[PDB]
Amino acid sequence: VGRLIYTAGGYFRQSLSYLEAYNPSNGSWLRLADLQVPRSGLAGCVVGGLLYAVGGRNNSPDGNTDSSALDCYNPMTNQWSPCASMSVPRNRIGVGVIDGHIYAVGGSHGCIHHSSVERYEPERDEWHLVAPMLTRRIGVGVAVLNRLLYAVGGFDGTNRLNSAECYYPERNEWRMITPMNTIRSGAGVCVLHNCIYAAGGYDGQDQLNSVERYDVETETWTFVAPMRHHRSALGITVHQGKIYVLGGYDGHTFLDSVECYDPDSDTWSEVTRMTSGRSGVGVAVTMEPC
């Protein structure tokens, strides 16, 4: 196969423009073309072999500019291309892909906490708003299972949330699901087998090392083995049936730690370190550059 874990942007003292790719097969890191604009609180995703960086903000010494940007990285060219901008800036965004379409979920613009959701069509290079969430959510976790979109936890500006909701695309409708056992803002949210996982995040007191998973058949959340490191604002992705969490913040350090969850053994292990500690990255998986 030859797939890599791509980490784009993130935060250490200011927003970063780094694009770096980890190869699970050999433990190597490649530095690739920098983002055109520094970004943190962005999400990453892949459609048709292309890496997309969505939303976030540029938190610089001179400014905090919330991002409406969609930018596309082609591993074949090692080049970033601007795409159509979203309706609204969305810092601390959540993203998921259904049937080749990018869903942009919630996030902040200054003191505004979005419930709005919009869907990108890569071939037409267009965004359109779809039904808003039932809840204003920033730092929201998003994943896709069986062509249904899940929005998990976050922050409404008053309360960190344990709530979650599911979007039924054929009905353009959101419905609440069972809440998580734990309040989580800025958790890593991904799908593995028939479950939605929520790893780490921030409960309004501490960065979390707990991980819980939602079984879509049974509609329950169950804790699994905790991560070795407490982390908020972590990157997450799935590669060859294992969860990878990248960086984040433990209340003391910007982590370079990358941990890997094996669902067969219910254990986490340390598999590599990023080249530098950072939080708020976008992460996704695709083919290695040329």
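Note that residue numbering follows the sequence shown and begins at 1.
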{"item": "123-131 versus 165-173 - which carries the larger mean C-alpha B factor in the record", "value": "123-131"}
{"item": "Higher-B stretch (mean Cα B-factor, as the entry records it), 39-47 or 245-253", "value": "245-253"}
{"item": "Of the residues 211, 144, 216, 105, the one carrying the largest Cα B-factor as recorded", "value": "216"}
{"item": "Residue with highest C-alpha B-factor in the PDB entry, from 185, 85, 77, 115", "value": "77"}
{"item": "Lowest, middle or highest third - CA B-factor, residue 157", "value": "highest"}
{"item": "Ranked C-alpha temperature factor of residue 226 among modelled chain residues, by third", "value": "middle"}
{"item": "Third assignment of residue 21 from its chain's C-alpha B-factors", "value": "highest"}
{"item": "Within-chain third of residue 96 by Cα B-factor, per the entry", "value": "lowest"}
{"item": "Assigned third (lowest, middle, highest) for the C-alpha B factor of residue 69", "value": "lowest"}
